[PDB]
Amino acid sequence: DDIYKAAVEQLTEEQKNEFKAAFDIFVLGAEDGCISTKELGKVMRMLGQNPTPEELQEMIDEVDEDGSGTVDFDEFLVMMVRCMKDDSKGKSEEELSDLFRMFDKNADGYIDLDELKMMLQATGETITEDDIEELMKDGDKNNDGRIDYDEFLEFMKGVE
Amino acid sequence: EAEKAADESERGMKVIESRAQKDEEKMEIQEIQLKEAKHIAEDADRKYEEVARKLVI
């Protein structure tokens, strides 16, 4: 999603200075050979300002998900995006509204549970303990089984 | 009289030299201490933001 655009916009002025200065300060080498392939934590330490942890965790996991374990120029941009606020910031709430509109193209007065059933079916994600639990919990945010608009509205928001 | 005065003047000069050296030592020690202080301050600040978030939720 917004990941590639955030990487592209990293070509800027404030984050360019941030990346260059970070490299000049605490990316130098001349170690004992421990291979700081995990210098992500070192950079988090040497930042002087830690951003919200979601950036850190998404970078820790999703980067080199194949197990590359290495940070490139583009991955330097990824880490620096993690440093500044290059986030999509919850995407567009217009997109959330449009999605919920497509959900109630049947116009159930709310996104029905079977909307979620078919959407998970399309996504094909394995039905774990998280699956079905999340759907019922969002629908039964009243804990009464009635799915309302604001329930899934806040369920989907805050995410990119 | 002039030679005795020279000896005493050199005495005072050397005393001030040594005192200034001690002061420079204390200056650098307080300097590293101040940097440590700033870092502790930033860590506390981050913790504060975090706990505020949690409480709001």
# chains A, B, ... in the order shown; residues from 1 in each chain; ligands from 1
$ interface_residues --of "chain B" --to "chain A" --cutoff "10 Å" --atoms "only C-alpha atoms" --output "NGL selection string"
:B and (38-39 or 42-43 or 45-46 or 49-50)
$ closest_residue --among "A:87, A:114, A:151, A:133" --to "residue 4 (chain A)" --atoms "only C-alpha atoms"
A:87
$ closest_residue --among "A:13, A:58, A:24, A:64" --to "residue 82 (chain A)" --atoms "only C-alpha atoms"
A:58
$ closest_residue --among "A:135, A:16, A:106, A:92" --to "residue 119 (chain A)" --atoms "only C-alpha atoms"
A:135
$ atom_distance --atom1 "CA of residue 5 (chain B)" --atom2 "CA of residue 19 (chain B)"
21.2 Å
$ atom_distance --atom1 "CA of residue 160 (chain A)" --atom2 "CA of residue 88 (chain A)"
6.2 Å
$ atom_distance --atom1 "CA of residue 148 (chain A)" --atom2 "CA of residue 107 (chain A)"
12.1 Å
$ residues_around --residues "residue 115 (chain A)" --least-positions-apart "4" --cutoff "12 Å" --atoms "only C-alpha atoms" --output "list in words"
residues 99, 100, 101, 102, 103, 104, 105, 106, 107, 108, 110, 111, 119, 120, 121, 122, 135, 139, 147 and 152 of chain A
$ residues_around --residues "residue 9 (chain A)" --least-positions-apart "4" --cutoff "9 Å" --atoms "only C-alpha atoms" --output "list in words"
residues 4, 5, 81 and 86 of chain A
$ select_by_dssp --residues "chain A" --states "helix (DSSP H, G or I)" --output "PyMOL selection string"
chain A and resi 2-9+14-26+39-46+53-62+73-83+93-103+113-123+133-139+149-156
$ residues_around --residues "residue 80 (chain A)" --least-positions-apart "3" --cutoff "7 Å" --atoms "only C-alpha atoms" --output "ChimeraX atom specification"
/A:15,19,76-77,83-84
$ write_last_selection --atoms "N, CA, C and O atoms" --output "PDB file, in the first residue's frame"
ATOM      1  N   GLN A  15      14.272  14.642   6.130  1.00  0.00           N
ATOM      2  CA  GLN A  15      14.687  13.256   6.298  1.00  0.00           C
ATOM      3  C   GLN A  15      16.007  12.965   5.598  1.00  0.00           C
ATOM      4  O   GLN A  15      16.746  12.072   6.027  1.00  0.00           O
ATOM      5  N   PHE A  19      18.936  11.173   7.618  1.00  0.00           N
ATOM      6  CA  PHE A  19      19.648   9.969   7.210  1.00  0.00           C
ATOM      7  C   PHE A  19      21.141  10.220   7.086  1.00  0.00           C
ATOM      8  O   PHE A  19      21.959   9.420   7.561  1.00  0.00           O
ATOM      9  N   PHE A  76      17.477   1.935   3.867  1.00  0.00           N
ATOM     10  CA  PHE A  76      17.808   3.137   4.624  1.00  0.00           C
ATOM     11  C   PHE A  76      16.665   4.136   4.559  1.00  0.00           C
ATOM     12  O   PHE A  76      16.301   4.751   5.568  1.00  0.00           O
ATOM     13  N   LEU A  77      16.084   4.303   3.369  1.00  0.00           N
ATOM     14  CA  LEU A  77      14.920   5.170   3.224  1.00  0.00           C
ATOM     15  C   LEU A  77      13.747   4.655   4.045  1.00  0.00           C
ATOM     16  O   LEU A  77      12.989   5.441   4.617  1.00  0.00           O
ATOM     17  N   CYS A  83      11.678   6.890  10.903  1.00  0.00           N
ATOM     18  CA  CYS A  83      12.125   7.932  11.823  1.00  0.00           C
ATOM     19  C   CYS A  83      11.168   9.121  11.818  1.00  0.00           C
ATOM     20  O   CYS A  83      10.637   9.510  12.864  1.00  0.00           O
ATOM     21  N   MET A  84      10.946   9.719  10.650  1.00  0.00           N
ATOM     22  CA  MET A  84      10.039  10.852  10.555  1.00  0.00           C
ATOM     23  C   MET A  84       8.599  10.384  10.374  1.00  0.00           C
ATOM     24  O   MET A  84       8.285   9.192  10.432  1.00  0.00           O
TER      25      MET A  84
END
$ closest_residue --among "A:123, A:40, A:46, A:67" --to "residue 26 (chain A)" --atoms "only C-alpha atoms"
A:46
$ closest_residue --among "A:134, A:35, A:79, A:69" --to "residue 3 (chain A)" --atoms "only C-alpha atoms"
A:79
$ decode --residues "region 6-24 of chain B" --atoms "N, CA, C and O atoms" --output "tab-separated table (two decimals), in the first residue's frame"
chain	number	residue	atom	x	y	z
B	6	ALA	N	60.30	38.01	42.08
B	6	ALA	CA	60.17	37.09	40.96
B	6	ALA	C	59.82	35.69	41.44
B	6	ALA	O	58.94	35.02	40.86
B	7	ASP	N	60.48	35.23	42.50
B	7	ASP	CA	60.17	33.90	43.01
B	7	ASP	C	58.72	33.82	43.45
B	7	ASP	O	58.01	32.86	43.13
B	8	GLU	N	58.24	34.84	44.16
B	8	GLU	CA	56.86	34.79	44.65
B	8	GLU	C	55.86	34.90	43.51
B	8	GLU	O	54.81	34.25	43.53
B	9	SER	N	56.15	35.74	42.52
B	9	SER	CA	55.25	35.85	41.38
B	9	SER	C	55.14	34.53	40.63
B	9	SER	O	54.04	34.12	40.25
B	10	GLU	N	56.27	33.85	40.42
B	10	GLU	CA	56.21	32.53	39.80
B	10	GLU	C	55.43	31.55	40.68
B	10	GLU	O	54.70	30.70	40.17
B	11	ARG	N	55.58	31.68	42.00
B	11	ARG	CA	54.79	30.86	42.91
B	11	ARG	C	53.30	31.03	42.65
B	11	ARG	O	52.56	30.05	42.44
B	12	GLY	N	52.84	32.28	42.63
B	12	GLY	CA	51.42	32.53	42.40
B	12	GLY	C	50.97	32.06	41.03
B	12	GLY	O	49.88	31.49	40.89
B	13	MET	N	51.80	32.29	40.02
B	13	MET	CA	51.47	31.85	38.67
B	13	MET	C	51.27	30.34	38.63
B	13	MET	O	50.32	29.84	38.03
B	14	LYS	N	52.17	29.59	39.26
B	14	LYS	CA	52.06	28.14	39.23
B	14	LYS	C	50.84	27.67	40.00
B	14	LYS	O	50.17	26.71	39.60
B	15	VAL	N	50.53	28.34	41.11
B	15	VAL	CA	49.33	27.99	41.86
B	15	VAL	C	48.08	28.16	41.00
B	15	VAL	O	47.20	27.29	40.95
B	16	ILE	N	47.99	29.30	40.30
B	16	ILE	CA	46.82	29.52	39.45
B	16	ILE	C	46.79	28.51	38.31
B	16	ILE	O	45.71	28.05	37.91
B	17	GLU	N	47.95	28.15	37.77
B	17	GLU	CA	47.99	27.11	36.74
B	17	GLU	C	47.33	25.83	37.25
B	17	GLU	O	46.44	25.27	36.60
B	18	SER	N	47.77	25.36	38.42
B	18	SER	CA	47.25	24.10	38.94
B	18	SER	C	45.75	24.20	39.21
B	18	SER	O	44.98	23.27	38.88
B	19	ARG	N	45.30	25.31	39.80
B	19	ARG	CA	43.88	25.46	40.07
B	19	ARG	C	43.07	25.41	38.79
B	19	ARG	O	42.02	24.76	38.73
B	20	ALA	N	43.54	26.11	37.75
B	20	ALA	CA	42.83	26.11	36.47
B	20	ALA	C	42.75	24.71	35.88
B	20	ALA	O	41.73	24.33	35.29
B	21	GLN	N	43.82	23.93	36.03
B	21	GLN	CA	43.78	22.55	35.53
B	21	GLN	C	42.71	21.75	36.27
B	21	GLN	O	41.91	21.03	35.64
B	22	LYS	N	42.67	21.86	37.60
B	22	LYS	CA	41.65	21.14	38.35
B	22	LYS	C	40.26	21.55	37.90
B	22	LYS	O	39.36	20.71	37.75
B	23	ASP	N	40.07	22.85	37.67
B	23	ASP	CA	38.76	23.33	37.24
B	23	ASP	C	38.38	22.77	35.89
B	23	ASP	O	37.22	22.43	35.66
B	24	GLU	N	39.34	22.68	34.96
B	24	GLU	CA	39.03	22.08	33.66
B	24	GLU	C	38.60	20.63	33.81
B	24	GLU	O	37.68	20.17	33.13
